[PDB]
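With the deposited numbering applied, the first sequence corresponds to residues 1080 to 1128, in that order.
From the three backbone atoms N, C-alpha and C, an ideal C-beta is built for every residue, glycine too.
Shown next, in structure tokens, is the structure this report addresses.
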Amino acid sequence: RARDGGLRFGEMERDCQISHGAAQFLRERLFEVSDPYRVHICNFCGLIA
DNA sequence: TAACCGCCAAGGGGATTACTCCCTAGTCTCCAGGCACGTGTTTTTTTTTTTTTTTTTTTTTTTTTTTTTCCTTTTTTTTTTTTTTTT
Ligand SMILES: [Zn+2]
């Protein structure tokens, strides 16, 4: 709380959300509101360009 | 005390001569086990793959949340400047 940190979306949260089977909440909590990024990738090599 | 010698007596069987006979020496003639040559099938050796247990390695240990405390080098060797003594 002193560093103003968010809650821990742990393993069993992903387990019970897979049990509910709603993919959009998983895509929100684990990609949209945690650490989104955009990278550019070469098509032939498949690595970071 | 009976070995040994001398003397005498008796008899038993090996040597001798002749007749016989029969078994083997010798000589063909057929054929068959004895032997020279080739080889085997068990016996030992060597590989080969597995087995079975032991040892080693590696990975694991429910989740979330909130406060402090200590530390986040250190000695040890080398260098470089400074100070003092001498001619
Ligand atoms: Zn490329």
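Counterpart residues of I1127 in DSSP-defined beta bridges:
Bridge partners of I1127 according to DSSP: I1120.
DSSP state of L1086 mapped onto helix, strand, coil:
In the structure shown, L1086 falls within a coil segment according to DSSP collapsed to helix, strand and coil.
So for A1081, helix, strand or coil by DSSP?
Under the three-state reduction of DSSP, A1081 is assigned to coil, being neither helix nor strand.
With DSSP run on the structure shown, which of helix, strand or coil describes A1102?
Residue state, collapsed to three classes: helix.
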